[PDB]
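Structure at a glance
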Amino acid sequence: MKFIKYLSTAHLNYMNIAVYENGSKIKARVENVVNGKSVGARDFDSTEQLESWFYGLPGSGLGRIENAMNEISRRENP
Amino acid sequence: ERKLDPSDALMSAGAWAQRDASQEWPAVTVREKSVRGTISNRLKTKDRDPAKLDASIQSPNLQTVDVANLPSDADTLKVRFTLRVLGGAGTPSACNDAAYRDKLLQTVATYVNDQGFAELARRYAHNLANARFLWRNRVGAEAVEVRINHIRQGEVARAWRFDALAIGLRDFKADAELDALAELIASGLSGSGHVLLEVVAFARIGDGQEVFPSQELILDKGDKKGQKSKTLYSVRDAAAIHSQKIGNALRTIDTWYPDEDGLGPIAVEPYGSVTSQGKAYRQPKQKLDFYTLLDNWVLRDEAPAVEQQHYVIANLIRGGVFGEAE
Amino acid sequence: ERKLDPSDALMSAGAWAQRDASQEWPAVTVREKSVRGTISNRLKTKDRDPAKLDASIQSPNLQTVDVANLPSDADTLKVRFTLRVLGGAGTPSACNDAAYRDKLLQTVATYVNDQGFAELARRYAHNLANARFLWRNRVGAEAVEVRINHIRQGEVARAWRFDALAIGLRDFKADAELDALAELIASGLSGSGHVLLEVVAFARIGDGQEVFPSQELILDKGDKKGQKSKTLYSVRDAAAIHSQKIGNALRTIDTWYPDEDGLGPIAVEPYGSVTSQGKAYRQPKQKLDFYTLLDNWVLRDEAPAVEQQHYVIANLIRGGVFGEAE
RNA sequence: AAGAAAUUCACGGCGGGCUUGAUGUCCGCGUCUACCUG
C-alpha cells in the first residue's frame, strides 16, 4: 500500500526493513523479499523521523539495518 | 479379542553413532590416527535472489529492488583442508539385540504376540538377505550422504572390535556398489552374517566404520545442518549452522539412520527406481511423497494391524519388521 | 496437468574450491611448491569526507566540524610480499555430474520431465560451446576478480589430475583473451571437451588451477571481504575483514562461482557490452540491475515454467540450463 | 517412568580514505651457607 524505497541493501537475513508509506503515518514493516511473511512493524511519523532514529541506532553500516531490525521486531505498537 | 496396543514403543535396535569428519591424504590412508578434524569454517556471502515469487496479487515496484540488491548473509560452511585429498567418517554403529522385544507394553497379550512374530520372522525368514539389505545398501556408502556425490573412490573400512583388539576387519570400495539394487558380494554376505550375529542376539557388536571419500582438496561438504529457530534474532547473521562435536563437524545420527534405514524397494509405486528409507508410512523427507499411503496396505502401521490378527503379509513382512528394528 | 514443482532444488554441479593466494617470482614460476602464503595484514586508516551529503534538511555549519574531523578506523588490507612479483590462486574446481538430476523432487512427474530436458538439451545441443562458455569466459581469468586489473601477464595453469599424478596439463596467458567475447582457441576447445567429459558424466574431474598474476611487488589485492554484522561493537575497530584460510587469504567460493557463472550475453538489453553471471533473474550485484526482469521472458524461472509445458526456448535454453548447472 | 524422527538446496561484499603532535623514569640495596653422581 503506497510503497517506497528500502533501508540500504537488504539482506543479511533475506530480511529487510522495507519502509512504505501510509496516507498519514508511515509503516516500517520488517519483512522478507521472498514469499512475503513479515515480522512486527512499527507505525510513526514521516520519513524525516525514519532517517533520524534510523541513524540514531548504534553500529556502523549494515549493523544499523540489523539493530534496526531487532529494534522493530520487539515492537510496542500494534 | 487381541486388540492393538494403546501405547507401544520399540527400542532402536541397530543403533548409530555420530561422525567426526577428518581429512587425510591417500597412501597415508592406513595411518588415520593423527588425522586432524575439519572445523566448521565461517564464510560470509552475498547473492541475488534466485527464489521465485507468489503471483496472486502484487505491485510491480517491489521485485525490481527485491531482486536487484545484495542479500549478503554469513554462512558457516564446512570446508576441507588445503592440501588434503581424502575424507573421514568415524562411526561405531552398534547393533542391539531384541528385534521386537518392546520398551512399552500397554497390553501384555500383544507383547506375547509380537514376541511370537519375532519368533516367526526370525525363525522362518532367516536374516541373511535382511542384513544384506542393512549392509549391501549401507556399505555402498549411503553413510556419506551428499559428500558421496562424485568421489574419486569412497572407501569404507568397517573395522569391528571385541575390545581394544579388533578382529573383523573388512575393507571395501563403495563406488563399485550401486544404490538401487543389491548385488551378490561374498564379503557383504560375511558382514550380513555378522549382523545376523547381531540382531538375533549372539554377540556384542559395534562396527567402527572409517569411510574415506578420496574426492579432492579444499571442496565443500554435506555436514548436517542445525537450525535457526529463535536464534536468527539474537545473532541474526548465520543461516546454516553446520553442527559440531567437540571441535569437529557432525553428521547428526538423525540423518545417519536413513543411511542404513534405506532398506526396502518393497514400496507401492517403484520397481528399480527409488529405494527409500524404511519407515512407518514410508515417507521420504526430500520428495514430500508418501510412498505406502493410508489407502494402500504397505504401512508399518498396517503390518501388525493385520499381522497381529491374520498372520499374512508374505515377504512384505520385511518392510514391516524393519520398521520395528528402528 | 504436469504442474511445476512445489519445492525443487538442484545440486551445484561444476563445483568450486577456495583460493589460497601465495606469492612468487617469475622464472621461479614453475617451482610453486614452497611459495609462502600472504597473511592478511592490518593497516590503520584516518578517514576523510568524500561522501555526498543529504539535500532535504540541513545546516551548513555541520560540515565544518564533520569535514574537519577524522572518523578514523582500522582496515585489514591484505598486502603482498616485499620482493615478490607474481601471485597465486590455487583452486581445484571439480565438476559434478548430473546436469539436471535434482536434489529435491516435490513431484516425480516433473523430475521425469526435467530428466527428459537434460536428455534433450544434452542430446541435441552438444556441450561443446556450452563448456566453451564455462572455459573461454573463465580461462580468461575472471577467476582472479579485482586483482585482474592491470596485470603484466596473468598466467593460468589449469593442471588436471586423476590422482597424485596429473595428465591434462594446459597452460595459458589470460591477458590474450577478452572478457566480452569468446574467441576461437584450440586448447580452450580441449578444456571444453574435458568439461564435456565432466557435465555429461564421463569421468572424475577436478581441475587444479594455479593462476599467476605477474603484476608487481608490494601492491594491494582484491581478497574476499568478510562482514561486520554484530562484530563492529565488541571489537568496533576493523571495517574490512579479509577472510582467511588456515594462515592465508581466501577468495570465498561465493565470489568464485560468478567467475565461472559469468556465462551468458544472452540477456535482454546488451549485445557485446555486458556478460553477466548466469543466474535466476540474471541479477548482477554490482550494478543493482535486473537484467531479464519479470516482465521480460529470459528468466530462469520462466525457462522450465515455459519449457516444462511447451518445449520452446530455442537456444536461450543455455541461459536456462546453466541456471540449473549452478 | 520416554522412544523414533535425512533441516538442505546456492549465494561477488566492495568502493576510497595522512592518526598526529610532544614528552627526565630516577633514588637507594651484602643472596645466603654446606654438599661423594653412584
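Residues numbered from 1 in each chain as written, not as in the entry; some residues may be left out. Chains lettered and ligands numbered in written order. Part of a larger assembly, values for the part shown. Heavy atoms only, no water. Residues with missing side-chain atoms left out of burial classes, pairs and counts.

This part is about the overall build of chain B. When you go through chain B residue by residue, the secondary structure sums to 7 helices and 8 strands. Taking the principal axes of the C-alpha coordinates as reference, chain B spans close to 65 × 60 × 35 Å. Taking all contacts inside chain B whose residues are at least 6 apart in sequence as the whole, residues at least 24 apart take part in 72%. (Helix = DSSP H or I, 4+ residues; strand = E, 2+ residues; numbered from the N terminus. Contact = heavy atoms within 4.5 Å.)

Tallying secondary structure elements over chain A gives 2 helices and 5 strands in all. For chain A, the succession of helices and strands along the chain, N to C, is β-β-β-β-β-α-α. Summarising its shape, the C-alpha atoms of chain A cover approximately 30 × 30 × 25 Å along the three principal directions.

Accessible area lost upon the coming together of the parts is a frequently used measure of interface size. Across the contact, 38 residues belong to chain C and 43 residues belong to chain B. Secondary-structure elements contributing two or more residues to the side of chain C that touches chain B are strand 4 (90-94), strand 5 (104-105) and helix 5 (253-260) of chain C. With 3 residues, the top contributor of residues to the side of chain C that touches chain B is strand 4 of chain C. Residues that form the side of chain C that touches chain B fall into these classes: 18 nonpolar, 10 polar and 10 charged. (Nonpolar A, V, L, I, M, F, W, Y, C, P; charged D, E, K, R; others polar.)

What follows deals with the interface of chain B and chain A. Counting from both sides, the interface comprises 17 residues of chain B and, opposite them, 17 residues of chain A. Of the residues contributing to the side of chain B that touches chain A, the split by class is 8 nonpolar, 3 polar and 6 charged.

Residue pairs spaced three or four apart in an α-helix point in one direction, given the helix's 3.6 residues per turn. Taking 1.5 Å of rise per residue, 14 residues should cover 20 Å, and helix 4 (residues 186-199) of chain C covers 20 Å from first to last C-alpha, within 8% of that figure. Downstream of helix 4 of chain C by a residue or two, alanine 201 of chain C has a phi angle that is positive, lying close to 60°. (Expected span 1.5 Å × (residues − 1).)

Glancing now at the sheet that holds strand 8 (residues 206-213) of chain C. Residue and element names in this part refer to chain C. If you walk across this open sheet you meet the 4 strands as 4-8-6-7, and the pairing is antiparallel. Each edge of the sheet is formed by a strand with only one pairing partner; in this case those strands are strand 4 and strand 7 (169-171). The mean angle between the axes of side-by-side strands here comes to 20°, regardless of whether they run parallel or antiparallel. Here strand 6 (residues 154-160) runs beside strand 7; their pairing, made up of 3 bridges, is antiparallel. Along strand 7, the bridge assignment pairs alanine 159 with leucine 169. Helix 4 contacts strand 6, strand 7 and strand 8 of the sheet and is inclined by roughly 140° relative to strand 7. (Pairing = 2+ DSSP bridges. Axes fitted to C-alpha atoms, helices over the stretch in contact; angles between N-to-C directions.)

All names here are of chain B. Pairing geometry for strand 4 (residues 90-94) and strand 8 (residues 206-213), over 5 bridges, is antiparallel. Residue pairing across strands places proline 92 opposite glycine 208, the latter belonging to strand 8. Sheet topology places strand 6 (residues 154-160) next to strand 8; 7 bridges connect them, and they run antiparallel. Pairing of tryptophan 160 across the sheet is with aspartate 207, part of strand 8.

Outside of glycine, negative phi angles account for most residues, and trans bonds account for most peptide bonds. Phi is positive for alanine 98 of chain B, close to 60°, though the residue is something other than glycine. Checked against the element boundaries, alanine 98 of chain B lands in the loop between strand 4 and strand 5 (104-105).

So, about the packing of aromatic side chains. Aromatic pair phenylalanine 54 of chain A and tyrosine 55 of chain A: ring centres 5.9 Å apart, planes at 45°, arrangement tilted. Considering the side-chain rings of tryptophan 160 of chain B and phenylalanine 162 of chain B, the 5.2 Å spacing of their centres and the 70° angle between planes classify their relative orientation as edge-to-face. Of the aromatic side chains, those joined through ring pairs into one cluster are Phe3, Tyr6 and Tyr20 of chain A. When the ring centre of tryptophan 53 of chain A is taken as origin, the NZ or CZ atom of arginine 42 of chain A, which lies over that ring, is 4.2 Å away. (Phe/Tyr/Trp six-rings, centres within 6.5 Å; stacked < 30°, edge-to-face > 60°. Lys NZ or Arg CZ within 6 Å of the ring centre and 35° of its normal.)

The subject of this paragraph is the pattern of salt bridges. All names here are of chain B. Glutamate 260 serves as the salt-bridge partner of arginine 158, at 4.0 Å between the closest nitrogen and oxygen. On the criterion of sequence distance, the pair formed by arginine 158 in strand 6 and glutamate 260 in helix 5 (residues 253-260) is long-range, its members being 102 residues apart. Where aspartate 301 meets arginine 300, a salt bridge forms, and the shortest distance between an N and an O atom there is 3.6 Å. (Salt bridge = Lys/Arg side-chain N within 4 Å of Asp/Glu carboxyl O.)

Let us look at the side chain of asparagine 127 of chain C. All names here are of chain C. Its place among the elements puts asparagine 127 in the loop between helix 2 (108-123) and helix 3 (128-136). Separated by 2.5 Å, the side chains of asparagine 127 and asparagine 130 make a polar contact. Not counting residues within four places of it along the chain, the set of residues in contact with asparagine 127 comprises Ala121, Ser192, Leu196 and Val200. (Polar contact = N/O pair within 3.5 Å; in protein donor to acceptor, adjacent residues only side chain to side chain.)

Moving on: the relation of the copies chain C and chain B. Between chain C and chain B, the superposition needs a rotation of 51° and an axial shift of 11 Å, giving an RMSD of 0.4 Å. A share of only 5% of the interface residues of chain C reappears at the interface of chain B, consistent with the copies meeting through non-equivalent patches. (Least-squares fit on C-alpha atoms.)

Here we come to the domain arrangement of chain B. Residues and elements named next belong to chain B. Taken domain by domain, chain B holds domain 1 (1-11 + 99-126 + 263-326) and domain 2 (12-98 + 127-262). Spacing between the C-alpha centres of domain 1 and domain 2 amounts to 27 Å. Counting residues per element, the side of domain 1 that touches domain 2 draws most heavily on helix 7 (residues 318-325), which supplies 3 residues. (Domains from an automatic or database assignment.)

Let's shift gears to the packing of helix 1 (residues 47-55) of chain A against helix 2 (residues 62-73) of chain A. All names here are of chain A. Between helix 1 and helix 2, the least distance of the axes is 10 Å, while the angle of their chain directions is 105°. Relative to helix 2, helix 1 is oriented roughly perpendicular. Contact residues: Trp53, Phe54 and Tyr55 in helix 1; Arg64, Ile65, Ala68 and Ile72 in helix 2. Of the residues in the contact of helix 1 with helix 2, the class split is 6 nonpolar, no polar and 1 charged. (Parallel < 35°, antiparallel > 145°, perpendicular 65-115°, else oblique.)

So, on to the sheet that holds strand 4 of chain B. Residue and element names in this part refer to chain B. Read from one edge of the open sheet, 4 strands run 4-8-6-7, paired in antiparallel fashion. In the strand order of this sheet, the two ends are held by strand 4 and strand 7 (169-171), each with one partner. Across the sheet, the axes of successive neighbouring strands diverge by a mean angle of 20°, strand direction being ignored.

All names here are of chain C. Where helix 3 contacts helix 4, the two axes come as close as 8 Å, and the packing angle between them is 115°. Between helix 3 and helix 4, the interaxial angle falls into the category roughly perpendicular. Of the two possible hands of crossing, helix 3 and helix 4 adopt the one that is right-handed. Of the residues in helix 4, those touching helix 3 at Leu128, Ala131, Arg132, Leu134 and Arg136 are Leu189, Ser192, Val195 and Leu196. In the contact of helix 3 with helix 4, the residues fall into 6 nonpolar, 1 polar and 2 charged. (Left-handed = near helix turned anticlockwise from the far one by under 90°.)

Along the chain, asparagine 13 of chain A falls in the segment before strand 1 (15-16). When the C-alpha atoms of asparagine 13 of chain A and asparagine 32 of chain A are compared, they prove to be 8.3 Å apart, with 19 residues separating the residues in sequence. Non-local contacts of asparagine 13 of chain A, meaning those with residues more than four positions away in its chain, are made with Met69 of chain A together with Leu232 and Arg236 of chain B.

All right, on to the side chain of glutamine 227 of chain C then. Tracing the chain through its elements places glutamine 227 of chain C in the loop between strand 8 and helix 5. A polar contact of 2.7 Å, which involves the side chain of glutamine 227 of chain C, links it to the backbone oxygen of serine 72 of chain B. Within the structure, the side chain of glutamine 227 of chain C is placed 3.4 Å from the side chain of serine 229 of chain C, a separation counted as a polar contact. Those residues in contact with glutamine 227 of chain C that lie beyond four places of it in its chain are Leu12 and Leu62 of chain A, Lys44, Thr45, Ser72, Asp73 and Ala74 of chain B together with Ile241 of chain C.

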